[PDB]
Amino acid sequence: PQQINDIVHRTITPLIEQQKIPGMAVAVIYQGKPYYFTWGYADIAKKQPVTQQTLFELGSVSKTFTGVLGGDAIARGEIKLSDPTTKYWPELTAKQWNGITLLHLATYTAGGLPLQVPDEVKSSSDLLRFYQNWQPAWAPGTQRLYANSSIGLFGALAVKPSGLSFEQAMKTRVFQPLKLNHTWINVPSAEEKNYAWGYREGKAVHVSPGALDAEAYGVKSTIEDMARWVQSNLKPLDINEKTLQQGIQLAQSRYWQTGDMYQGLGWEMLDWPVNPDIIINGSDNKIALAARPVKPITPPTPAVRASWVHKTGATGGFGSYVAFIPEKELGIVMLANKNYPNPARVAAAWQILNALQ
């Protein structure tokens, strides 16, 4: 009702002004049904406003789709996170890849894979040389270092038993079954009219191509489809497809623990209620991008409902954030065309959701 429109206005409006966000779209999920809000422009020079059909670069929020697609493949019996990486890429005959499993790739625990794939890596033979010549800093399953090269390789290998490409597998197994008809890995030409421009220090920019970009940060979506993406993760039991339903639960399963944070397949969870300063300060890159020791969780804790599930994402000129609480049936999406600091995103999201709790 009006309780939602009040808390969103008194929270996002100061956030937009303090961060000088050119355009923003927010979706609040309350008791299943979503509520949408828009501000600012999708194109500054053309003065095109932000609509419910405006495309935003999700950035690293794409990893949530990759983890769900990975869990879906686990439910189909095509892969196991315990399987060696070499089972799906035999040409990776390097000695350091002994014992590195798909779980180590998916949860950034392979031993120190770099944050980003190098810029010069473009062909599949370039990917091979990059992973063959990579030297780990720690043993498998000991240190967690957030890395696009880690989970990005997991997504490309998880779809090999299906025979489909990563783009086609994400379409026919995740996007289409959830009716995400406006979420694309590659934006079609007829949909570029809704493709908003990102802004990095005034200049309009889009995400540039890169190796394993679709698996790590290359997905774009609208505020309507992202809200439906939260409904699916809030209530996986409402999905008819069995493997996709189980894949969403496997993504929210707890495989590693660092402090009070649990690592899933793309998603990151903390027990609810949460100390807000932990998720706010923990979202800063000095903490989130740093290496941290992990403790295994065997067996992986099934999807705990009383949890705070969240994921930040950013590109050159975009800054997205998603957070939901399955027990309260509460969720929020924050899509902005500016890469403003992560702590401002989690602070505004917790204030909105705790008032609706």
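Start at 1 and count along the sequence shown; that's the residue number.
The stretch with the higher mean CA B factor, choosing between 151 to 159 and 96 to 104, is 96 to 104.
Note on 13 to 21 vs 336 to 344: mean CA B-factor is higher in 13 to 21. For the set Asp119, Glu268, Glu215, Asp260, the PDB entry assigns the largest Cα B-factor to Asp119.
Listed residues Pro49, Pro302, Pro296, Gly317 were ranked by CA B-factor as deposited; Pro49 comes out on top.
Remark: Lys328 belongs to the middle third of its chain, ranked by C-alpha B-factor as recorded. Among the modelled residues of its chain, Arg173 has a C-alpha B-factor that falls in the middle third, as given in the PDB entry. Annotation for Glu224: CA B-factor lies in the lowest third of the chain's modelled residues.
Sort the chain's modelled residues by C-alpha temperature factor and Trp272 lands in the middle third, per the entry. The entry lists a Cα temperature factor for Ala139 that places it in the middle third of the chain's modelled residues.
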